[PDB]
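Coordinate inspection notes
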4 protein chains.
Amino acid sequence: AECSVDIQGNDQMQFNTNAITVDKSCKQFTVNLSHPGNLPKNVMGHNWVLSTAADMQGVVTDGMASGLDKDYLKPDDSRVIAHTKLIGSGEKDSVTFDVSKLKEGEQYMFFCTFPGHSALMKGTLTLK
Amino acid sequence: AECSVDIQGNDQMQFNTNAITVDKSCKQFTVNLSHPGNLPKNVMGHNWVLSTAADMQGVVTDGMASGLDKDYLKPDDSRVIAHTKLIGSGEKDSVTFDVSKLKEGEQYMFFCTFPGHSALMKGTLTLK
Amino acid sequence: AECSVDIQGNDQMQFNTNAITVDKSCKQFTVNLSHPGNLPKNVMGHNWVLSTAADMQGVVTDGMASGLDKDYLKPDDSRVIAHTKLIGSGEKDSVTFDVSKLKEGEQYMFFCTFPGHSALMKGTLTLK
Amino acid sequence: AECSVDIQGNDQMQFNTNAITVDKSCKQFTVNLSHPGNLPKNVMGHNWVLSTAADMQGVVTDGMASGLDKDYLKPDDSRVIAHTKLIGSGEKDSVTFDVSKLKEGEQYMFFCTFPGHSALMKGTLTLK
């Protein structure tokens, strides 16, 4: 994966990576999320959401209040740099975003906003 | 108080307590479960289930496997000392059990069998 | 009561609540923090710290940098609206603050700054 | 790797893998644990402990009661198949165990027993 990364969310509320690096020479970066396992989206739906570390908490709180129907994300949330939809087992979603929306030296966090799973599903993303 | 406890499971997939003490003088013990929040039973359902620590894993696994239609509990599971029904937010349930079924010197755990919930929603129960 | 709340942080690294609402007719609000359990402060010390949602990350990261000696909080940290001391099991601490420092419309978070604790020990505080 | 795996535990309470497969052909299996980061052992000590899925909760409860000085593991615990010592950042430990102590069709869990961290640091081990 050069300018892309393949990441999996399983039924035990675990991503298969805790850390992503974005090569600064990438014009865009793609994340391809899949969900191994058997659990359905209402019970174990995963999304991959990106924001700065300082924004993560506000996005997670507000996403919980938009609920179910809105994929646990505030529509047009300005703190969200990029995100997939919420997928259940056996689904896949990908998201491509412009690497110019990231500054060198700033800290970023990727996470899932399913209620109560964010604490277990989060990691860091850094430009390199 | 003394022979009853009120317990809450919320939308952040947490219980308000992780250790309960049942006084040996109680002939019976009553647990009153309520679910503050907003999320419905098929997204954030909660139940309070009691087994020995050694049996917890298997009750959870077979519960999970039984599906929502069985309140995520295997029917007539003999490992389950006592259990409430699965409740969505704004619902409540109550269960009373005979303290004679607990023996001193054994480790008991109470937990939720809804998928993924036992990771945080669990706690000890101890005769004193 | 009415303008106060009792919070417990335990040995499983959780708080007993994840949402506090402060009634707008309160001139001051008091948090009473206790630590049920048996673990010492250098291993499972807890505190209750309040900031806006967007400042929580800076406060946690700088707290962790100040170390156990400084109760894992940057001295005179201007983003902290109010906080208790860091306590071990069997200890208690209470803090009262002025409600005029909050405003309707703003997202507040309460959390614990002992390393690792904010992952589970956090909740929303809201002025209603 | 060939009947060995190198795994890391970071300061955000995360192992860098959540599933370990032991091939049946292995007479022994080795785990090599390292702790990247800066946090000391009383705050963020990590250990890799193996047991059946059924014994994990009791191994976790009794480890908590044994104390930091005993590396949060009950001494000579019958349920522990293999384990490392508790390591702070900058340290390394490894453990080699005989694969004849595992049997087909039994579920095994690896986890850390530092208080409050096992819900975040656990995964599956499978004999294939």
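Residues numbered from 1 in each chain as written, not as in the entry; some residues may be left out. Chains lettered and ligands numbered in written order. Heavy atoms only, no water.

If you check the PDB entry, chain A appears there as AZURIN from Pseudomonas aeruginosa. In the PDB, the entry goes by the title "Azurin from Pseudomonas aeruginosa, apo form". The UniProt entry for chain A carries the following comment under Function: "Transfers electrons from cytochrome c551 to cytochrome oxidase." Listed under Subcellular location in UniProt, the entry text for chain A is "Periplasm". (UniProt positions renumbered as here; feature names shortened; annotations may be inferred.)

Turning our eyes to something else, we now look at the relation of the copies chain B and chain A. For the pair chain B and chain A, the relating rotation is 175°, the translation along its axis is 1.7 Å, and the fit reaches an RMSD of 0.4 Å. Both copies are brought into coincidence by an operation consistent with a two-fold rotation axis. Nearest to the rotation axis, the C-alpha of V43 of chain B is located 2.5 Å from it, this being the minimum over chain B. (Least-squares fit on C-alpha atoms.)

Glancing now at the UniProt feature "domain: Plastocyanin-like" in chain A. Annotation from UniProt places "domain: Plastocyanin-like" at residues 1-128 of chain A. Annotated as 14% helix and 30% strand, the span residues 1-128 of chain A places its first and last C-alpha atoms 15 Å apart. (Helix = DSSP H or I, 4+ residues; strand = E, 2+ residues; numbered from the N terminus.)

So, on to the interface of chain C and chain D. Facing the 13 residues of chain C at the interface are 12 residues of chain D. The contact between chain C and chain D buries some 970 Å² in all, and 73% of this surface belongs to carbon and sulfur atoms. Put simply, chain C and chain D have 1 residue pair in polar contact between them. If one sorts the elements of the side of chain C that touches chain D by residue count, helix α1 (residues 41-44) of chain C sits on top with 3 residues. For the side of chain C that touches chain D, the class distribution of residues is 9 nonpolar, 3 polar and 1 charged. (Contact = heavy atoms within 4.5 Å. Buried area = accessible area lost by both parts, 1.4 Å probe. Polar contact = N/O pair within 3.5 Å; in protein donor to acceptor, adjacent residues only side chain to side chain. Nonpolar A, V, L, I, M, F, W, Y, C, P; charged D, E, K, R; others polar.)

Let's shift gears to the relation of the copies chain C and chain D. Least-squares fitting of chain C to chain D yields an RMSD of 0.5 Å, with the superposition described by an axial translation of 1.1 Å and a rotation of 176°. A share of 77% of interface residues in chain C that are also interface residues in chain D marks the association as one of identical surfaces.

Attention now moves to unusual backbone geometry. Here the phi dihedral of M13 of chain A falls at roughly 60°; this positive angle occurs in a residue that is not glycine. Within the secondary structure, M13 of chain A is located in the loop between β1 (4-8) and β2 (19-22). Positive phi is not limited to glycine here, since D71 of chain C has a value of about 55°. With respect to the element layout, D71 of chain C can be found in the loop between α2 (56-66) and β5 (82-83).

A few words on the pattern of salt bridges. Under the criterion given, the structure shown has 19 salt bridges over all chains. With a closest N to O distance of 3.5 Å, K74 of chain C and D62 of chain C form a salt bridge. One end of the pair, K74 of chain C, is in the loop between α2 and β5; the other, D62 of chain C, is in helix α2, with 12 residues separating them in the sequence. Relative accessible area serves as the criterion here: at 35%, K74 of chain C is assigned to the partly exposed category. Overall, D62 of chain C belongs to the partly exposed group, its relative accessible area being 25%. Salt bridges here are not isolated pairs; linked through shared partners, they connect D62, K74, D77 and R79 of chain A. (Salt bridge = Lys/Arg side-chain N within 4 Å of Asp/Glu carboxyl O. Buried < 20%, exposed > 50% of the residue type's maximum accessible area, 1.4 Å probe, protein only.)

Moving on, we come to the environment of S34 of chain B. Counting through the fold element by element, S34 of chain B comes out in strand β3 (residues 28-34). Beyond its immediate sequence surroundings of up to four residues, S34 of chain B is in contact with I7, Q8, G9, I87, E91 and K92 of chain B.

All right, on to the sheet that holds β1 of chain A then. All names here are of chain A. Reading across the sheet, the 3 strands line up as β1-β3-β6 and stay open at both edges, with mixed pairing between neighbours. Each edge of the open sheet is held by one strand with a lone partner, namely β1 and β6 (92-98). In this sheet, neighbouring strand axes are inclined to one another by 15° on average, regardless of whether the strands run parallel or antiparallel. Strand direction decides the pairing type here: strand β3 (residues 28-34) and β6, joined by 7 bridges, are antiparallel. Counted as the bridge partner of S34 is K92 from β6. (Pairing = 2+ DSSP bridges. Axes fitted to C-alpha atoms, helices over the stretch in contact; angles between N-to-C directions.)

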